[PDB]
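The chain below stands alone and is given in structure tokens; this is the form deposited in one PDB entry.
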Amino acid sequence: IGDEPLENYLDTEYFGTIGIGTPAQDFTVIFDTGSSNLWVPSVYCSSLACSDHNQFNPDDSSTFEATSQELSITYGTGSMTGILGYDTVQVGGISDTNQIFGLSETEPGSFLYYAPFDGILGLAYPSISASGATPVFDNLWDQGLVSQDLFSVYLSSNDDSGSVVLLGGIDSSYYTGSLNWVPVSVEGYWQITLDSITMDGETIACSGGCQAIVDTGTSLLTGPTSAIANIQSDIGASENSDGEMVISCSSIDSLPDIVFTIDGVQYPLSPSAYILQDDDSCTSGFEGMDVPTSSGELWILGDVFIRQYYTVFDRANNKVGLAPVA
């Protein structure tokens, strides 16, 4: 098993330290179930983000092997380009020998300047990996570095230390009751069929089944702008001058749970999960966004669902298991 602890930063990002090379150079990265590529800032990046973050130096760690394969990758927050390479990556206790990863060359857009992490570690299927680069987990299994072809995620609420990604094992005590093994839909993202979304006695959003991705690399619960406008006035949100989706925190004291039924089992999301009380006010945790070019209208069950549910992503059995935490 590998134990990779994660820093919870303002309940909006969750990242961990991995070390690349021998001797280990040190990097912060998100562990993202919505991408499959690992990259680095390298020393050949002159972008603003790159003056701001730890940069890998190929020259100084003795096990790297260079490649002439390039890596361009577009995401929702912006884009980056780099070159691939092989080095040992120390992750959660395991020395993943000869892992291919990206050394970035450019990283535009100020998102990545302000972002507290250096790079990205993707945990979804190799299908979505640009350049066909072998994703970390896949490379741990191909080497037998793990006993079980599954990894489990724990994500803390309230800014407490303790979120972890158990590489190759499940920690039974992190959840109450039993796991419920839901099947995947398309093998690329951790995509599953959502049967409905109900407020109180009546369905408000998936009246015919919707498709959802289970995604640690996003803070909010997102669905399409249509269904979402519909949830926003239901919970009582309004537009603020700035653009914020404002709600009164009193609503936590008076609003009922929303229920997402995934493959038979009803999973509730309480108001203290989907309405955030921040240093500013209370805003909704539902965000409008429309799905990217190569896929059909995705719902993203982000950090606001994961925090409340122990999730296991079983590669061996192509299933996701879910259980109420604690």
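The first residue of the shown sequence is 1; numbering continues from there.
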| item | value |
| --- | --- |
| Which of 142 to 150 and 115 to 123 has higher mean CA B factor, as the PDB entry lists it | 142 to 150 |
| Between 186 to 194 and 171 to 179 (mean CA B-factor, as deposited), the higher | 171 to 179 |
| Out of 219, 131, 233, 88, residue topping the C-alpha B-factor column of the entry | 233 |
| Highest-ranked of 245, 94, 166, 71 once sorted by CA temperature factor in the record | 245 |
| Third of the chain's Cα B-factor distribution that residue 29 belongs to, per the entry | lowest |
| Chain third (lowest, middle, highest) by recorded CA B-factor, residue given as residue 239 | highest |
| Entry-reported Cα temperature factor of residue 208, expressed as the chain third it lands in | highest |
| Residue 107, C-alpha B-factor rank within chain (lowest, middle or highest third) | middle |
| Assigned third (lowest, middle, highest) for the C-alpha B factor of residue 39 | lowest |
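Just so you know, the form solved in complex with a small molecule exists too; it's not on screen, but the next bit is about it.
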| property | result |
| --- | --- |
| Partner-facing stretch of 104 to 112, 199 to 207, 138 to 146, 152 to 160, counted where any non-hydrogen atom is within 4.5 angstroms of the small molecule in the bound PDB entry | 104 to 112 |
| In the bound PDB entry, the one of 256, 76, 183, 93 near the small molecule [non-hydrogen atom within 4.5 angstroms] | 76 |
| Selected contact from 282, 43, 291, 273, since only one has a non-hydrogen atom within 4.5 angstroms of the small molecule in the bound PDB entry | 291 |
| 4.5 Å heavy atom contact, residue 120 to the small molecule in the bound PDB entry | yes |
| Residue 217: touches the small molecule in the bound PDB entry, heavy atom cutoff 4.5 angstroms | yes |
| 4.5 Å heavy atom contact, residue 52 to the small molecule in the bound PDB entry | no |
| Residue 235: touches the small molecule in the bound PDB entry, heavy atom cutoff 4.5 angstroms | no |
